[PDB]
file coords-v5.csv (CSV, C-alpha atoms)
chain,number,residue,atom,x,y,z
A,1,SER,CA,110.6,161.9,-23.9
A,2,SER,CA,110.9,158.1,-24.3
A,3,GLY,CA,114.0,158.3,-26.6
A,4,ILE,CA,111.9,157.1,-29.7
A,5,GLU,CA,112.5,160.6,-31.2
A,6,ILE,CA,116.2,159.9,-31.5
A,7,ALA,CA,115.8,156.4,-32.9
A,8,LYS,CA,117.2,157.5,-36.4
A,9,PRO,CA,121.0,157.6,-35.6
A,10,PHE,CA,120.7,154.1,-34.1
A,11,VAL,CA,118.6,152.8,-37.0
A,12,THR,CA,120.8,154.3,-39.7
A,13,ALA,CA,124.0,153.0,-38.1
A,14,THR,CA,122.5,149.5,-37.8
A,15,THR,CA,121.3,149.5,-41.4
A,16,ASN,CA,124.6,150.8,-42.8
A,17,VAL,CA,126.8,148.4,-40.7
A,18,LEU,CA,124.7,145.3,-41.5
A,19,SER,CA,124.4,146.2,-45.2
A,20,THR,CA,128.2,146.8,-45.6
A,21,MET,CA,129.5,144.0,-43.5
A,22,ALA,CA,127.0,141.3,-44.3
A,23,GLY,CA,125.1,142.3,-47.5
A,24,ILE,CA,121.9,140.9,-45.9
A,25,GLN,CA,119.7,143.9,-47.1
A,26,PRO,CA,118.5,145.0,-43.6
A,27,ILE,CA,115.1,146.7,-43.7
A,28,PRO,CA,114.0,148.5,-40.5
A,29,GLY,CA,110.5,148.5,-39.3
A,30,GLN,CA,108.9,151.2,-37.1
A,31,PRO,CA,110.5,151.9,-33.8
A,32,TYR,CA,108.4,151.0,-30.8
A,33,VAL,CA,108.5,151.4,-27.0
A,34,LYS,CA,109.2,147.9,-25.6
A,35,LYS,CA,106.4,146.7,-23.3
A,36,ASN,CA,107.9,143.3,-22.5
A,37,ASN,CA,110.8,143.0,-20.0
A,38,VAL,CA,113.0,140.9,-22.2
A,39,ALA,CA,114.4,140.5,-25.7
A,40,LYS,CA,114.5,136.7,-26.5
A,41,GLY,CA,116.8,135.3,-29.0
A,42,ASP,CA,119.8,133.3,-30.0
A,43,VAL,CA,122.8,135.6,-30.4
A,44,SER,CA,122.8,139.0,-28.8
A,45,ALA,CA,125.3,141.8,-28.3
A,46,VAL,CA,125.3,144.8,-26.0
A,47,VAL,CA,127.4,147.9,-25.6
A,48,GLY,CA,127.1,150.7,-23.0
A,49,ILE,CA,127.3,154.4,-23.8
A,50,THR,CA,127.9,157.3,-21.5
A,51,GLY,CA,127.4,161.1,-21.9
A,52,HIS,CA,124.7,163.7,-20.9
A,53,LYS,CA,122.6,160.6,-20.3
A,54,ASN,CA,124.0,157.0,-19.9
A,55,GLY,CA,122.5,154.0,-21.7
A,56,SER,CA,123.1,151.1,-23.9
A,57,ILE,CA,122.6,149.7,-27.4
A,58,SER,CA,121.8,146.0,-27.9
A,59,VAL,CA,121.1,143.7,-30.9
A,60,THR,CA,119.2,140.4,-30.5
A,61,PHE,CA,119.5,138.1,-33.5
A,62,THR,CA,117.5,135.0,-34.6
A,63,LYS,CA,119.8,132.0,-35.1
A,64,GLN,CA,119.4,132.1,-38.9
A,65,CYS,CA,120.3,135.8,-39.1
A,66,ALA,CA,123.4,135.5,-36.7
A,67,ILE,CA,124.6,132.5,-38.8
A,68,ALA,CA,124.1,134.5,-42.1
A,69,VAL,CA,126.1,137.5,-40.6
A,70,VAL,CA,129.0,135.3,-39.5
A,71,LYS,CA,129.1,133.6,-43.0
A,72,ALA,CA,128.9,136.9,-44.9
A,73,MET,CA,131.7,138.4,-42.8
A,74,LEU,CA,134.1,135.4,-42.4
A,75,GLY,CA,132.9,133.0,-45.2
A,76,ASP,CA,130.2,130.3,-46.0
A,77,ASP,CA,132.4,127.6,-44.4
A,78,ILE,CA,132.3,128.4,-40.6
A,79,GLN,CA,135.6,127.7,-38.9
A,80,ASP,CA,134.4,127.8,-35.2
A,81,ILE,CA,130.9,129.1,-34.6
A,82,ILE,CA,131.6,130.3,-31.0
A,83,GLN,CA,134.8,132.2,-31.9
A,84,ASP,CA,133.5,133.5,-35.2
A,85,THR,CA,130.2,134.7,-33.7
A,86,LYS,CA,132.1,136.5,-31.0
A,87,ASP,CA,134.4,138.1,-33.5
A,88,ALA,CA,131.9,139.0,-36.3
A,89,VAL,CA,129.0,140.1,-34.1
A,90,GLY,CA,131.4,141.9,-31.7
A,91,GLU,CA,132.8,143.9,-34.7
A,92,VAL,CA,129.3,144.7,-36.0
A,93,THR,CA,128.5,146.0,-32.5
A,94,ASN,CA,131.6,148.1,-32.2
A,95,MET,CA,130.8,149.6,-35.6
A,96,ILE,CA,127.1,150.3,-34.7
A,97,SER,CA,128.3,152.0,-31.5
A,98,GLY,CA,130.9,154.1,-33.4
A,99,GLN,CA,128.5,155.2,-36.2
A,100,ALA,CA,125.5,155.9,-33.9
A,101,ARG,CA,127.7,158.0,-31.6
A,102,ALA,CA,129.2,159.9,-34.6
A,103,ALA,CA,125.6,160.7,-35.7
A,104,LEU,CA,124.6,161.8,-32.2
A,105,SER,CA,127.8,164.0,-32.0
A,106,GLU,CA,126.6,165.8,-35.2
A,107,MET,CA,123.3,166.5,-33.4
A,108,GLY,CA,125.3,168.1,-30.5
A,109,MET,CA,125.4,165.1,-28.2
A,110,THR,CA,128.8,163.5,-27.4
A,111,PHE,CA,128.8,159.9,-26.1
A,112,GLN,CA,131.6,157.5,-25.2
A,113,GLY,CA,131.3,153.8,-26.0
A,114,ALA,CA,132.3,150.9,-23.8
A,115,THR,CA,133.5,147.5,-25.0
A,116,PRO,CA,130.8,145.2,-26.3
A,117,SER,CA,129.8,141.8,-25.0
A,118,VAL,CA,128.3,138.9,-27.1
A,119,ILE,CA,125.8,136.5,-25.6
A,120,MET,CA,125.0,133.1,-27.0
A,121,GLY,CA,122.5,130.3,-26.3
A,122,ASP,CA,119.2,129.5,-27.9
A,123,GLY,CA,116.3,131.5,-26.4
A,124,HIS,CA,118.3,133.5,-23.9
A,125,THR,CA,116.9,136.8,-22.8
A,126,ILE,CA,118.5,140.2,-22.4
A,127,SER,CA,116.9,142.9,-20.3
A,128,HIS,CA,118.0,146.6,-20.0
A,129,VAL,CA,118.2,147.9,-16.5
A,130,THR,CA,116.9,151.4,-16.6
A,131,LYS,CA,114.4,153.9,-15.3
A,132,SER,CA,113.7,155.0,-18.9
A,133,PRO,CA,111.7,153.3,-21.7
A,134,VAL,CA,113.5,150.9,-23.9
A,135,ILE,CA,113.1,151.6,-27.7
A,136,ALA,CA,113.1,148.6,-30.0
A,137,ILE,CA,113.5,148.6,-33.8
A,138,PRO,CA,112.7,145.3,-35.6
A,139,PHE,CA,114.4,144.4,-38.8
A,140,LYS,CA,113.8,142.1,-41.8
A,141,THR,CA,116.8,140.8,-43.7
A,142,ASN,CA,117.4,138.2,-46.5
A,143,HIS,CA,118.2,135.7,-43.8
A,144,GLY,CA,115.9,136.2,-40.9
A,145,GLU,CA,115.3,138.9,-38.3
A,146,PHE,CA,117.0,140.8,-35.6
A,147,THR,CA,116.0,143.7,-33.3
A,148,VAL,CA,118.1,146.7,-32.1
A,149,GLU,CA,117.2,148.2,-28.7
A,150,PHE,CA,118.5,151.2,-26.9
A,151,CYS,CA,117.9,153.3,-23.8
A,152,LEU,CA,119.1,156.5,-22.3
A,153,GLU,CA,118.7,157.8,-18.7
B,1,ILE,CA,146.4,141.6,-9.9
B,2,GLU,CA,146.2,145.1,-8.3
B,3,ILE,CA,143.6,146.5,-10.7
B,4,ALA,CA,141.2,143.6,-9.7
B,5,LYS,CA,141.0,144.9,-6.1
B,6,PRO,CA,138.4,147.7,-6.7
B,7,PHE,CA,136.1,145.1,-8.4
B,8,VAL,CA,136.5,142.6,-5.5
B,9,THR,CA,135.9,145.2,-2.9
B,10,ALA,CA,132.7,146.4,-4.7
B,11,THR,CA,131.4,142.9,-5.2
B,12,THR,CA,131.9,141.7,-1.7
B,13,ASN,CA,130.5,144.9,-0.2
B,14,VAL,CA,127.4,145.0,-2.4
B,15,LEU,CA,126.5,141.4,-1.8
B,16,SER,CA,127.0,141.7,2.0
B,17,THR,CA,125.1,145.0,2.4
B,18,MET,CA,122.3,144.3,-0.1
B,19,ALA,CA,121.8,140.5,-0.3
B,20,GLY,CA,123.0,139.1,3.0
B,21,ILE,CA,125.6,137.0,1.2
B,22,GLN,CA,129.3,136.8,2.0
B,23,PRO,CA,131.3,135.9,-1.1
B,24,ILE,CA,134.7,134.4,-0.6
B,25,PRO,CA,137.1,135.8,-3.2
B,26,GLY,CA,139.6,133.6,-4.9
B,27,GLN,CA,142.7,134.6,-6.9
B,28,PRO,CA,142.1,136.8,-10.0
B,29,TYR,CA,143.3,135.2,-13.3
B,30,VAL,CA,143.6,136.1,-16.9
B,31,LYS,CA,141.0,134.2,-19.0
B,32,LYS,CA,142.3,131.5,-21.4
B,33,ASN,CA,138.7,130.8,-22.8
B,34,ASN,CA,136.5,133.0,-25.1
B,35,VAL,CA,133.4,132.7,-22.9
B,36,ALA,CA,132.0,132.6,-19.4
B,37,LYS,CA,129.1,130.1,-19.1
B,38,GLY,CA,126.3,130.4,-16.6
B,39,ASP,CA,122.6,130.8,-15.9
B,40,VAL,CA,122.2,134.5,-15.0
B,41,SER,CA,124.7,137.2,-16.0
B,42,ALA,CA,124.8,140.9,-15.9
B,43,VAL,CA,127.1,143.3,-17.8
B,44,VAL,CA,127.8,147.0,-17.6
B,45,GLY,CA,130.0,149.1,-19.7
B,46,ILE,CA,132.5,151.7,-18.4
B,47,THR,CA,134.3,154.6,-20.1
B,48,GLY,CA,136.8,157.4,-19.3
B,49,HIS,CA,140.3,156.4,-18.1
B,50,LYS,CA,139.8,153.3,-20.3
B,51,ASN,CA,136.9,151.8,-22.2
B,52,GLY,CA,135.7,148.5,-20.8
B,53,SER,CA,133.2,146.4,-19.1
B,54,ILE,CA,132.3,144.7,-15.9
B,55,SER,CA,130.3,141.4,-15.9
B,56,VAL,CA,129.0,138.9,-13.4
B,57,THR,CA,128.0,135.3,-14.2
B,58,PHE,CA,126.1,133.3,-11.7
B,59,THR,CA,125.0,129.7,-11.5
B,60,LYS,CA,121.2,129.5,-11.1
B,61,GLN,CA,121.4,128.5,-7.5
B,62,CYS,CA,123.4,131.6,-6.5
B,63,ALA,CA,121.3,134.0,-8.7
B,64,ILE,CA,118.1,132.7,-7.0
B,65,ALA,CA,119.6,133.2,-3.6
B,66,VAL,CA,120.5,136.8,-4.4
B,67,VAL,CA,117.1,137.6,-5.9
B,68,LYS,CA,115.3,136.0,-2.9
B,69,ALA,CA,117.4,138.0,-0.4
B,70,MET,CA,116.7,141.3,-2.2
B,71,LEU,CA,113.0,140.6,-2.6
B,72,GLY,CA,112.5,139.6,1.1
B,73,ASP,CA,111.7,136.0,0.0
B,74,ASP,CA,108.5,137.5,-1.8
B,75,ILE,CA,109.5,136.6,-5.4
B,76,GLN,CA,106.4,137.3,-7.4
B,77,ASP,CA,107.8,136.9,-10.9
B,78,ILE,CA,111.3,135.4,-11.3
B,79,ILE,CA,112.0,137.1,-14.6
B,80,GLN,CA,111.1,140.7,-13.5
B,81,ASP,CA,112.6,140.1,-10.0
B,82,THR,CA,115.9,138.8,-11.4
B,83,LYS,CA,116.1,141.8,-13.7
B,84,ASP,CA,115.5,144.2,-11.0
B,85,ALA,CA,117.6,142.6,-8.2
B,86,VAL,CA,120.6,141.6,-10.3
B,87,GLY,CA,120.3,144.9,-12.1
B,88,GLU,CA,120.5,146.9,-8.9
B,89,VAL,CA,123.5,144.8,-7.7
B,90,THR,CA,125.3,145.4,-11.0
B,91,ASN,CA,124.6,149.2,-10.8
B,92,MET,CA,126.0,149.3,-7.3
B,93,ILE,CA,129.1,147.2,-8.2
B,94,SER,CA,129.7,149.6,-11.0
B,95,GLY,CA,129.3,152.6,-8.8
B,96,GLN,CA,131.4,151.3,-5.9
B,97,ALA,CA,134.1,149.8,-8.2
B,98,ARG,CA,134.4,153.2,-10.0
B,99,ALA,CA,134.6,155.1,-6.7
B,100,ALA,CA,137.5,152.8,-5.7
B,101,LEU,CA,139.2,153.3,-9.1
B,102,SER,CA,138.8,157.1,-8.7
B,103,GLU,CA,140.8,156.7,-5.4
B,104,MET,CA,143.6,155.1,-7.4
B,105,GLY,CA,143.6,158.0,-10.0
B,106,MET,CA,141.4,156.5,-12.7
B,107,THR,CA,138.0,158.2,-13.4
B,108,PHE,CA,135.4,156.1,-15.1
B,109,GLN,CA,131.8,156.7,-16.1
B,110,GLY,CA,129.2,153.8,-16.1
B,111,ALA,CA,126.6,152.8,-18.6
B,112,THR,CA,123.3,151.1,-17.8
B,113,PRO,CA,123.5,147.4,-17.0
B,114,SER,CA,121.8,144.5,-18.9
B,115,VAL,CA,120.7,141.2,-17.3
B,116,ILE,CA,121.0,138.0,-19.2
B,117,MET,CA,119.0,134.8,-18.5
B,118,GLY,CA,118.9,131.4,-19.9
B,119,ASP,CA,120.5,128.2,-18.6
B,120,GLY,CA,124.0,127.6,-19.8
B,121,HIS,CA,124.3,130.8,-21.9
B,122,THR,CA,127.7,132.3,-22.6
B,123,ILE,CA,129.0,135.9,-22.4
B,124,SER,CA,132.1,137.0,-24.2
B,125,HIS,CA,133.9,140.3,-23.8
B,126,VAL,CA,134.9,141.9,-27.2
B,127,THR,CA,138.3,143.4,-26.7
B,128,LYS,CA,142.0,142.9,-27.7
B,129,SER,CA,143.0,143.3,-24.0
B,130,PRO,CA,143.2,140.4,-21.7
B,131,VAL,CA,140.0,139.7,-19.7
B,132,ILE,CA,140.4,139.3,-15.9
B,133,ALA,CA,138.2,136.9,-14.0
B,134,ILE,CA,137.7,136.7,-10.2
B,135,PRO,CA,136.1,133.6,-8.9
B,136,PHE,CA,133.9,133.7,-5.8
B,137,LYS,CA,132.5,131.0,-3.5
B,138,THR,CA,129.3,131.3,-1.6
B,139,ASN,CA,126.9,129.3,0.5
B,140,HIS,CA,124.8,129.0,-2.7
B,141,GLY,CA,127.4,128.2,-5.3
B,142,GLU,CA,129.8,129.9,-7.5
B,143,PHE,CA,129.9,133.0,-9.4
B,144,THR,CA,132.6,135.0,-11.3
B,145,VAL,CA,133.2,138.7,-11.9
B,146,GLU,CA,135.0,139.6,-15.1
B,147,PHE,CA,136.3,142.9,-16.4
B,148,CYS,CA,138.4,144.3,-19.3
B,149,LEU,CA,139.9,147.6,-20.0
B,150,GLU,CA,141.3,149.0,-23.3
call {"tool": "encode", "arguments": {"input": "coords-v5.csv", "output": "structure tokens"}}
result
Amino acid sequence: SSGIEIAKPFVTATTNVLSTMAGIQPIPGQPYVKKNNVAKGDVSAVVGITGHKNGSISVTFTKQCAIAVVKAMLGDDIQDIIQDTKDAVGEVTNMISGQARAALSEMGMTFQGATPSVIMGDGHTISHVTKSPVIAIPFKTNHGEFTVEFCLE
Amino acid sequence: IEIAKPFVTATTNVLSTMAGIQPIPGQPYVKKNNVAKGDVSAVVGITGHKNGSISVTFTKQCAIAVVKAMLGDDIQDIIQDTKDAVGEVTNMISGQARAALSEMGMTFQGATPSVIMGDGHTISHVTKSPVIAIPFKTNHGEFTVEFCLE
């Protein structure tokens, strides 16, 4: 009904991508239906999906976690935080989209994926515009937290 | 830039019909920077003929004027109201732009939008294609629509 029942493909994709690319040992918590109208954080990414239903996948990182991801993927010494954040988080997001949609296809649901966007600025908010509930999955890592959100309508 | 025209048509039509605002389009250009900076943005993915995205980045002044117009000046919660009003505008820009694209032989599906708030945030499109930006002037300040296709 809410979409919480199909959280697994999104959670597994997120865990696998962050593990592989960043080595930050992501640990998902329990999915929940978001009751707040915003995700608040420091680096976010978002990518639309289309299919039998249309929706979106986002990830909102704490500053520490986004920095750790960028350092793990491109090296401890950060060349240009804006460009490297765009590139590293953008690739992570493309990979989460590809892997989550591959998992969904194996469950008989084909989705296409749009191009991601990366948002920066301390304490920005991102809000999904949808008639449906938004499902959030919080994560712990070795270097701070992030949350994955998705919706389908 | 011919491919920009459906996005300009949709933007101008939606803001006039829904928000009482007449945006004056400038010349589309290829972005040379890695970000668009602003106070309220919205973004919506598209798929089909190409995969891509449509975004809009507003100065605070312009975003407030759009939200007030759509809420009949009865803003009760700026966060919720911005989400709803800018979200609806973005949904309609996507729908109308894709209808105009279908008229030029390119069929696209649209994802659900997201609305971004926070003064001086940036949004960056993740693509190897060039990003096209269209500047607009209004009675309430500037905004820019960007899109990419790959």
call {"tool": "interface_residues", "arguments": {"input": "coords-v5.csv", "of": "chain A", "to": "chain B", "cutoff": "9 Å", "atoms": "all atoms listed in the file", "output": "MDAnalysis selection string"}}
result
chainID A and resid 37:38 46:51 53:56 82:83 86:87 90:91 94 112:130 151:153
call {"tool": "closest_residue", "arguments": {"input": "coords-v5.csv", "among": "A:89, A:81, A:11, A:109", "to": "residue A:44", "atoms": "only C-alpha atoms"}}
result
A:89
call {"tool": "atom_distance", "arguments": {"input": "coords-v5.csv", "atom1": "atom CA of residue A:70", "atom2": "atom CA of residue A:23"}}
result
11.3 Å
call {"tool": "closest_residue", "arguments": {"input": "coords-v5.csv", "among": "A:140, A:57, A:103, A:88", "to": "residue A:69", "atoms": "only C-alpha atoms"}}
result
A:88
call {"tool": "closest_residue", "arguments": {"input": "coords-v5.csv", "among": "A:137, A:1, A:18, A:143", "to": "residue A:64", "atoms": "all atoms listed in the file"}}
result
A:143
call {"tool": "atom_distance", "arguments": {"input": "coords-v5.csv", "atom1": "atom CA of residue B:32", "atom2": "atom CA of residue B:1"}}
result
15.8 Å
call {"tool": "residues_near_point", "arguments": {"input": "coords-v5.csv", "point": "(121.3, 138.6, 1.0)", "cutoff": "6 Å", "atoms": "all atoms listed in the file", "output": "PyMOL selection string"}}
result
chain B and resi 18-21+66+69
call {"tool": "atom_distance", "arguments": {"input": "coords-v5.csv", "atom1": "atom CA of residue A:63", "atom2": "atom CA of residue A:28"}}
result
18.3 Å
call {"tool": "residues_near_point", "arguments": {"input": "coords-v5.csv", "point": "(118.1, 142.3, -38.8)", "cutoff": "10 Å", "atoms": "only C-alpha atoms", "output": "list in words"}}
result
residues 14, 15, 18, 19, 24, 25, 26, 27, 28, 29, 59, 60, 61, 62, 65, 66, 69, 137, 138, 139, 140, 141, 142, 143, 144, 145, 146, 147 and 148 of chain A
call {"tool": "closest_residue", "arguments": {"input": "coords-v5.csv", "among": "B:99, B:62, B:142, B:131", "to": "residue B:28", "atoms": "all atoms listed in the file"}}
result
B:131
call {"tool": "closest_residue", "arguments": {"input": "coords-v5.csv", "among": "B:134, B:49, B:31, B:81", "to": "residue B:102", "atoms": "only C-alpha atoms"}}
result
B:49
call {"tool": "closest_residue", "arguments": {"input": "coords-v5.csv", "among": "B:101, B:75, B:145, B:64", "to": "residue B:11", "atoms": "all atoms listed in the file"}}
result
B:145
call {"tool": "decode", "arguments": {"input": "coords-v5.csv", "residues": "stretch 82-123 of chain B", "atoms": "C-alpha atoms", "output": "short mmCIF file (atom, residue, chain, number, x, y, z; two decimals), in the first residue's frame"}}
result
data_model
loop_
_atom_site.label_atom_id
_atom_site.label_comp_id
_atom_site.auth_asym_id
_atom_site.auth_seq_id
_atom_site.Cartn_x
_atom_site.Cartn_y
_atom_site.Cartn_z
CA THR B 82 6.26 26.04 -1.28
CA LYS B 83 6.41 22.27 -1.64
CA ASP B 84 2.86 22.10 -2.89
CA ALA B 85 2.82 25.17 -5.16
CA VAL B 86 6.29 24.82 -6.71
CA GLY B 87 5.66 21.05 -6.92
CA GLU B 88 2.47 21.58 -8.92
CA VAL B 89 4.17 24.14 -11.19
CA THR B 90 6.97 21.60 -11.85
CA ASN B 91 4.52 18.76 -12.54
CA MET B 92 2.75 20.96 -15.08
CA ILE B 93 5.96 22.20 -16.73
CA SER B 94 6.98 18.55 -17.12
CA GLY B 95 3.59 17.59 -18.56
CA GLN B 96 3.33 20.51 -20.95
CA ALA B 97 7.00 20.32 -22.05
CA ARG B 98 6.63 16.61 -22.76
CA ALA B 99 3.37 17.23 -24.69
CA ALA B 100 5.29 19.80 -26.88
CA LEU B 101 8.21 17.32 -27.26
CA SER B 102 5.75 14.61 -28.40
CA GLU B 103 4.60 17.07 -31.12
CA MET B 104 8.25 17.16 -32.36
CA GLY B 105 8.40 13.29 -32.44
CA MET B 106 9.99 12.65 -29.03
CA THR B 107 8.00 10.75 -26.44
CA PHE B 108 8.98 11.18 -22.80
CA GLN B 109 7.65 9.93 -19.49
CA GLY B 110 7.92 12.07 -16.34
CA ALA B 111 8.95 11.12 -12.81
CA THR B 112 7.69 12.78 -9.61
CA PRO B 113 9.23 16.18 -8.79
CA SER B 114 11.29 17.16 -5.75
CA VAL B 115 11.40 20.68 -4.24
CA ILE B 116 14.61 21.99 -2.68
CA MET B 117 14.77 24.81 -0.14
CA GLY B 118 17.63 26.57 1.61
CA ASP B 119 19.12 29.94 0.81
CA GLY B 120 22.04 29.76 -1.62
CA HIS B 121 21.90 26.04 -2.23
CA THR B 122 23.18 24.57 -5.44
CA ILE B 123 21.78 22.00 -7.84
#
